[PDB]
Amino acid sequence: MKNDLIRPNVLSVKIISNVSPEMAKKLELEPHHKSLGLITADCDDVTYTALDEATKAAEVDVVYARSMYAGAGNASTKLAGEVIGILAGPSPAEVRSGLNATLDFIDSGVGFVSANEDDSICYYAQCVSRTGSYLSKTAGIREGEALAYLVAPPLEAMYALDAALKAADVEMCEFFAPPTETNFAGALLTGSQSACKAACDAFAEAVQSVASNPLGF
């Protein structure tokens, strides 16, 4: 129902210790990247946020992260979900710590929110108060600065991004032009923490507005 949280799920987790040189080459790993932590989940943007959180908690880097075409509901195999993330670190210890931080964040109550009665429109509006090394790089902003991470389906996202930009003193850093691999859209916005928060609130209200009246113009 409307305002219900859609719980994200982790599907599989594995560690690679002493990664093969051939694989290290193709992933373009650094010399201190000896171990990899692999994760898949059924919700990509929650996982991207959680991987960023991991870079704060442990000496890991996000070296690979991609979404699956047409999203988790169209997965053809059990563990594909709609995202794969790869953390790299100096040892299995640091990679396990990074994976533990990722898992803790994914279970923390964050997620997409339903905008209607059968949960067929949903959105993500997450304020990241202090970015780690992954989302700051993706947005092109300085490490440690705040972001608003806003995602909705294509039309809702375009309409609601406009409302979010008018509601607060925020800049658009990165535009997820529709379609993303999962057929969503959105953006990463930056500004002060309170402005990002304001942007999140306005974004959520605007998506809900479209959901309640999709054809009115």
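In this text, residue numbers run from 1 along the sequence as written.
### Residue range whose averaged C-alpha B-factor is higher in the record, 67-75 or 93-101
The stretch with the larger average C-alpha B-factor is 93-101.
### Query
Which has higher Cα B-factors on average according to the PDB entry: 130-138 or 76-84?
Mean C-alpha B-factor is greater for 130-138.
### Message
Per the entry's values, where does residue 17 land by CA temperature factor relative to the rest of its chain, in the lowest, middle or highest third?
### Response
For residue 17, the deposited C-alpha B-factor lands in the middle third.
### Task
Would you mind checking where the Cα B-factor of residue 146 ranks among the modelled residues of its chain, as the lowest, middle or highest third?
For residue 146, whose C-alpha B-factor we compare with every modelled residue in the chain, the answer is the middle third.
### Task
Rank-wise, by C-alpha B-factor, drop residue 59 into the lowest, middle or highest third of its chain.
According to the entry, residue 59 has a C-alpha B-factor in the chain's highest third.
### Task
Among all modelled residues of this chain, ranked by Cα B factor, put residue 190 in the bottom, middle or top third, i.e. lowest, middle or highest.
It belongs to the middle third of the chain when residues are ordered by C-alpha B-factor.
### Message
Among the modelled residues of this chain, does the Cα B factor of residue 181 put it in the lowest, middle or highest third?
### Response
Its C-alpha B-factor, which the entry lists for residue 181, ranks in the lowest third among residues of this chain.
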